[PDB]
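[1] my sequence and its experimental structure, below.
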Amino acid sequence: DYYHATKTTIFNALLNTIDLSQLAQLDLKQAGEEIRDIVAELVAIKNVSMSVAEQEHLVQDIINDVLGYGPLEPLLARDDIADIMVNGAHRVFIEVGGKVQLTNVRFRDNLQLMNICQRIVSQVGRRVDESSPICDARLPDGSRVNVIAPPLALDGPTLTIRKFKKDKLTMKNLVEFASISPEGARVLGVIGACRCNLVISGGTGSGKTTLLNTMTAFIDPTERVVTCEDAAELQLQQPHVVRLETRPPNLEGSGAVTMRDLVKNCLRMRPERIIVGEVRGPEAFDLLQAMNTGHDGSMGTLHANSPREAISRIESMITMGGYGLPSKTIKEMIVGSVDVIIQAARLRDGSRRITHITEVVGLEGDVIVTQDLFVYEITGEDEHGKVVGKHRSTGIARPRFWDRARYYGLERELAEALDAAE
Amino acid sequence: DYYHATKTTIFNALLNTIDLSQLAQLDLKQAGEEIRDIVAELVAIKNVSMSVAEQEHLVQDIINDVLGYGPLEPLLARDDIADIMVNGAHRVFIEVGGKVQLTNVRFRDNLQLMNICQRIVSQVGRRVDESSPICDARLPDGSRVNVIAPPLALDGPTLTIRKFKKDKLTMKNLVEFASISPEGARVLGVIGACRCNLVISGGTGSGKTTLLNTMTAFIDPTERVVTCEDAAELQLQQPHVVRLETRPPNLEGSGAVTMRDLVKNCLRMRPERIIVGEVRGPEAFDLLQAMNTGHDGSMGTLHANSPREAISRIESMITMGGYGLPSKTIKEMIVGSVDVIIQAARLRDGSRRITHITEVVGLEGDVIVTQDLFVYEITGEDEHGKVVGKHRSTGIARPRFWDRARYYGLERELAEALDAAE
Amino acid sequence: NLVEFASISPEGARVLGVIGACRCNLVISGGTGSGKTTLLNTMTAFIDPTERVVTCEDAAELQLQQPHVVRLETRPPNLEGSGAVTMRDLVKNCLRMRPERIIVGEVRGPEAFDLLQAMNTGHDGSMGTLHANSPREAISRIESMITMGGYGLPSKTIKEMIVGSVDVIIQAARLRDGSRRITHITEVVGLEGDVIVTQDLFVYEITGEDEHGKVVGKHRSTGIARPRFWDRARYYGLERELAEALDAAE
Ligand SMILES: Nc1ncnc2c1ncn2[C@@H]1O[C@H](COP(=O)(O)OP(=O)(O)OP(=O)(O)O)[C@@H](O)[C@H]1O
Ligand SMILES: Nc1ncnc2c1ncn2[C@@H]1O[C@H](COP(=O)(O)OP(=O)(O)O)[C@@H](O)[C@H]1O
Ligand SMILES: Nc1ncnc2c1ncn2[C@@H]1O[C@H](COP(=O)(O)OP(=O)(O)O)[C@@H](O)[C@H]1O
Ligand SMILES: [Mg+2]
Ligand SMILES: [Mg+2]
Ligand SMILES: [Mg+2]
């Protein structure tokens, strides 16, 4: 259509007609209004039979390309979308109703896509380029974006976006999805109420954050919880909750406040619980402190595929913190601090389930001893292809945290659930 | 030679007529359009007897030396040659028909060759010199260039070009070469379509990558595929494929993006199948994770002579990377993740055979149990062939992956091929 | 010349030729001055001329006869501690030059690991020189070097890798009277636990000294009918020579 040619011609000229440094210092509406005059002037020269609505659409497209996120803006806005995949300048896919399908949109050039990705990542403050070719981030709106640079992606820089979900799941939803048997839900309720230190371990996309949210839903409302995340993904209904959020290095690369700083400050604002949005770095150390140095009941979420692996990664993180503690000391601290290690994993069929509810019970010489209260045994593959399994207790009638249950009167509930779940 | 002598005489005058640095000052991508006239106009400026037929060849050679890649040009241009290899200004070998062969072509001097290689690599943007004698790059043409500088290669500058084979063997070709019997071909087809996890073991140059490509040929077009190759070798026809390639560490030991660093990201961009060009280290772990963390149907390739060798080697690779997982856990992960292992070997006769198609069923005593389905049996040795060509199905009705085959509706072909294998 | 100096019996020479042609991952071992470099050069003289061989030598010593050899030499940290192209980097690059055999001049440290990978990952027929007094001591040194590489490799993993990659070890020693002899031709046979089991196809046995003080000894075979690498010989049709040599040794 003549509209596309007119837009291309106007763009090829307005670049040298409007100074970028002037619009760069204005909000989206201000920049669009300023560029409206430039678009009108361009239309005046070599004018075409374009309607006012066509001019407005062209101005919106110019704003999206120069300042927005290019041909994605029409799609990103749409709510029907679940995921957006690009994997090349000339191809873009969308997930609708659980089915991926091609789209009619595309970028002018893979360099346009590259700079669009750079803009999107910069919105979080990270950098993607030939020296830093891979960038994963979670946007403030909550959607996740992963981009990879040409030096690795032979087909040009590749981009993927997964849009933030409006509604979170609750323990009832997990029970109905069979991610955890109802007795497992009861035991989780006991563990959450009884202020047992929690490390929800899992793998990528394995539902860790959802478990953390559902568990924190069990906290006594009176307690002063201090959420601490890299992004605003936790929603707590408790009345007294303080939500923090780290800030990464920006521009020159200063003003950053890492998770460790936030936790170390949390220690000095008398929080009943600390709920770390995710543990990746030395903060684990400062988190493990205040799991036992008061603030009992703090929770964290961690990326590991097995409770043994989770403990190993905690030890590795603490060691990398530079505190130079002996490995024996680190193991002792872990044993003394961590009480429960829930593990959420995704199975072959794609469903997500809580494979282990492990409980750290002691340190034997060199190895931490872990006794599992709930374990998920996979029977096999159903007729329909969906993996099928059953949760079962280990028969423990008095887990380590039993004492804490006695503190809150939940001893009977725990005893009932433990034996009834087998 | 008369032609070479005349060309050298003409070039001696041309270099003065058009300064050597003059072309560099001009746009090298289009400066040749000028020098071509200089040689064309008043051809034989030295008044050297020649003919138009030979004059055209002389002018083309002069242009190639001045602008092109000199004597290397036909080699690159010709399609018959897969690999070019230069050990110095004197000796240059090519690869054709699967065999190496010396060639009559040679360069005038080491400085000429060094300039040629510097130009060829710089076209990608990298630089090779005494400061950085080593150099590795991938050209836009789909080729890999490795260059070593004289300060290291005592014989002189060393160069190796590995071109991307345009035509990969189709499955019909493999059937024709008796590599796999038609029943084996159908079993492979069902396995590929049935979204079974593959590990294509093979011997040195036993055709692993070609087998992997012909296997990918079976993927449903709608499924997202994220190809992660050490070196671009695969060629997929699916509409929705994504190609990734690692980067070796710079000579300073920086900028490296190892395989695991790629597959870990592959986990995060919603793939349907992850395909690893060659699993050769701790990256295997991550792949196996993605093998069972959903994404079922991923296919990686490994170097080994027997399926048992391949699986033991995979355990070894997993235990690297400092992950420190128990061997029992590694075996459990492997049995739960991998489904089918295919072993292909190059026989003494010079041909290649898909020697094994086997299935993993479990440990049954901490020793992974491999149940072969298709075996290549050598009834004996031909006096001059030493090859028989017998592919036999072990029977074994209802292989472990039978249920998935039924789910996808390929049960008919699986039964028809596994049975009536001969 | 080596046969003339009785350093190896003709049967030993034939077995060595079999190993060289049969693409067995060799590791020449021997004390300093044992001529191990000379032995390595002679062994390379047996490689098939078509095969492409890349020579990564810390200092130029080898002189191959084949027509398709690429010679490489390391660099010291000339640039004030920088610019050091260590042997390990050279081998890592050689892995990307599609060579048939990688002939390391001498293995002194981390470069061993990658070399082993070369043997395990396609480049069969690779060779190398190691400074050692006994084949077992040589294997221990190789494991130690791999560990020194800094890779977080459990000792069991390194032992298994050595088992699966190496195929032959040749021991060359300078004897008391200043002569050179080849003492052992062993073949790593597997990891049967926490220790690497080893076979010995060819051995040298001393008996005493002559009237002039010269040590007296002779070579013999262990009678192993089929060495581990026997299958490789089948690949290149070297069964007959291997059997004949291992049988005629005694
Ligand atoms: N048990 C479950 N059943 C069904 N859907 C689930 C279940 N658990 C999680 N989900 C869905 O899967 C996604 C879970 O993502 P979640 O935020 O938990 O990931 P994460 O572990 O925080 O991720 P990452 O490790 O990549 O940062 C959401 O879409 C959630 O709706
Ligand atoms: N089954 C086969 N029969 C005949 N030739 C084959 C077969 N498989 C591979 N080849 C040839 O061997 C060459 C190497 O194959 P490829 O798999 O790319 O390397 P590698 O064997 O090292 O993985 C290819 O160019 C191909 O033509
Ligand atoms: N079998 C042998 N008999 C006699 N002299 C030998 C023998 N092997 C090596 N030499 C002599 O030893 C010298 C150095 O040996 P060399 O290969 O440098 O050992 P290394 O590599 O351990 O230093 C050579 O110059 C050679 O003349
Ligand atoms: Mg999360
Ligand atoms: Mg290959
Ligand atoms: Mg020496």
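    Received it, and whenever you're ready, just let me know what you need. Numbering: from 1, shown residues only, chains lettered A, B, ... in the order given. Ligands and ions are numbered 1, 2, ... in the order given.
[2] hey, let's count contacts and neighbours off CA atoms from now on
    Fine.
[3] taking the stretch 251-400 of chain A, what residue is nearest to chain C?
    Residue nearest to chain C within the stretch 251-400 of chain A: residue A:316 (13.6 Å; CA to the nearest CA).
[4] for that residue, give me its contacts.
    Neighbour list for residue A:316: empty [criterion: CA atoms under 8 Å, 6 or more residues apart in numbering or on different chains].
[5] ok so it is a strand residue?
    No. Residue A:316 is assigned helix when assessed by DSSP: H, G, I helix; E, B strand; the rest coil, not a strand.
[6] start and end of stretch A:248-260, how far apart?
    In stretch A:248-260, first residue to last residue: 12 Å (CA to CA, to the nearest Å).
[7] buried residues in it, which are they?
    A:248, A:258, A:259, A:260 (16 or more other CA atoms under 10 Å in any protein chain shown).
[8] and the contacts of that stretch?
    Where contact means CA under 8 Å, 6+ apart, the residues beyond stretch A:248-260 that reach it are A:124-126, A:228-230, A:246-247, A:281-284, A:286.
[9] up against chain B, what does chain A have?
    Within chain A, the positions adjacent to chain B are A:87, A:100-101, A:131-132, A:134, A:146, A:151-155, A:160, A:204-205, A:309, A:345-351, A:381, A:383-385 by CA under 8 Å from any CA of the partner chain.
[10] from the residues you listed, which are also near ligand 1?
    Filtering the residues of chain A next to chain B for proximity to ligand 1 (criterion: CA under 6 Å from any ligand atom) leaves A:204, A:205.
[11] out of the residues of chain A next to chain B, which end up buried?
    A:87, A:100, A:134, A:146, A:151-155, A:160, A:204-205, A:309, A:345-351, A:381, A:385.
[12] in strands only, show me these.
    Under the assignment DSSP state E, these contribute A:100, A:134, A:146, A:160, A:345, A:346, A:381 to strands.
[13] wait, isn't the first one in contact with residue A:92?
    No. Counting by CA atoms under 8 Å, residue A:92 is not a contact partner of residue A:100; they are 10.2 Å apart.
[14] any idea where the helices of the stretch 201-350 of chain A begin and end?
    Taking DSSP state H, counting those that start in this stretch as the test, the helices found in the stretch 201-350 of chain A are A:208-216, A:259-266, A:283-288, A:307-320, A:327-337.
[15] between those, which one is closest to residue B:14.
    Judged by CA to CA, the one of these that comes nearest to residue B:14 is helix A:307-320, at 63.7 Å.
[16] and the closest one, which residues are buried?
    A:307-319.
[17] what separates it from the chain centre, distance-wise?
    20 Å (CA atoms, centre = their mean, to the nearest Å).
[18] what angle separates it from helix A:327-337?
    In terms of direction (axes from the mean of the first three to the mean of the last three CA atoms, to 10 degrees), helix A:307-320 departs from helix A:327-337 by 120 degrees.
[19] mind exporting helix A:307-320 as PDB, just the C-alpha atoms?
    Presented in PDB, the C-alpha positions along helix A:307-320 are these (Å, rounded to 0.1, in the frame of the first residue of the first chain):
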ATOM      1  CA  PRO A 307      17.900 -30.500  47.700                       C
ATOM      2  CA  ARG A 308      21.500 -31.800  47.800                       C
ATOM      3  CA  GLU A 309      22.200 -29.500  44.800                       C
ATOM      4  CA  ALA A 310      20.400 -26.700  46.500                       C
ATOM      5  CA  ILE A 311      22.600 -27.000  49.600                       C
ATOM      6  CA  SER A 312      25.700 -27.300  47.500                       C
ATOM      7  CA  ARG A 313      24.800 -24.100  45.700                       C
ATOM      8  CA  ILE A 314      24.100 -22.300  48.900                       C
ATOM      9  CA  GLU A 315      27.600 -23.300  50.200                       C
ATOM     10  CA  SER A 316      29.100 -22.200  46.900                       C
ATOM     11  CA  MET A 317      27.400 -18.800  47.000                       C
ATOM     12  CA  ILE A 318      28.500 -18.200  50.500                       C
ATOM     13  CA  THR A 319      32.000 -19.100  49.700                       C
ATOM     14  CA  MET A 320      32.000 -16.800  46.600                       C
END
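[20] helix or strand for residue A:126, which one?
    Assigned by DSSP states H and E, residue A:126 belongs to no helix or strand.
[21] sorry, back to before: tabulate the ones in strands among the buried ones among the residues of chain A next to chain B (JSON lines), appending distance to residue A:14.
    Below are these laid out as JSON lines (distance: CA to CA, whole Å):
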{"residue": "A:100", "distance to residue A:14": "36"}
{"residue": "A:134", "distance to residue A:14": "32"}
{"residue": "A:146", "distance to residue A:14": "31"}
{"residue": "A:160", "distance to residue A:14": "30"}
{"residue": "A:345", "distance to residue A:14": "52"}
{"residue": "A:346", "distance to residue A:14": "50"}
{"residue": "A:381", "distance to residue A:14": "60"}
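[22] hang on, residue A:413 packs against residue A:190?
    Yes. Residue A:413 is within contact range of residue A:190, at 7.4 Å (criterion: CA under 8 Å).
[23] which one of the two is surrounded by more residues?
    residue A:190 (25 against 14; other CA atoms under 10 Å in any protein chain shown).
[24] give me the distance from the helix or strand where that one lies to the chain's centre.
    Using DSSP H and E, residue A:190 sits within helix A:182-193. Relative to its parent chain, helix A:182-193 has a centroid offset of 24 Å by CA atoms, centre = their mean.
[25] by contact count, what packs against that helix?
    For helix A:182-193, the contact count by 3 or more CA pairs under 8 Å, 6 or more residues apart in numbering or on different chains; DSSP states H and E identifies helix A:171-176, helix A:208-216, helix A:402-408, helix A:411-420 as packing neighbours.
[26] quick one: distance of the second one to the chain centre.
    This means helix A:208-216. 12 Å.
[27] output it as CSV, restricted to C-alpha atoms.
    As requested, the backbone C-alpha atoms of helix A:208-216 are provided in CSV (Å, rounded to 0.1, in the frame of the first residue of the first chain):
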residue,chain,number,x,y,z
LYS,A,208,9.5,-21.5,42.5
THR,A,209,8.1,-17.9,42.7
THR,A,210,4.5,-19.2,42.7
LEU,A,211,5.3,-21.5,45.6
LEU,A,212,6.9,-18.6,47.5
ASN,A,213,3.8,-16.5,47.0
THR,A,214,1.5,-19.3,48.0
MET,A,215,3.5,-20.0,51.1
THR,A,216,3.8,-16.4,52.2
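[28] who's the residue nearest in space to the middle of chain A bridged to?
    Nearest to the geometric centre of chain A sits residue A:138, at 6.1 Å (CA atoms, centre = their mean). Listed beta-bridge partners, residue A:138: residue A:144 (assigned using DSSP bridges).
[29] ok, it - contacts?
    Contacts of residue A:138 (CA under 8 Å, 6+ apart): A:124, A:144, A:145, A:231.
[30] what's the answer for residue A:149, then?
    With CA under 8 Å, 6+ apart, residue A:149 has these contacts: A:114, A:128, A:129, A:130, A:132, A:133, A:134, A:156, A:157, A:158.
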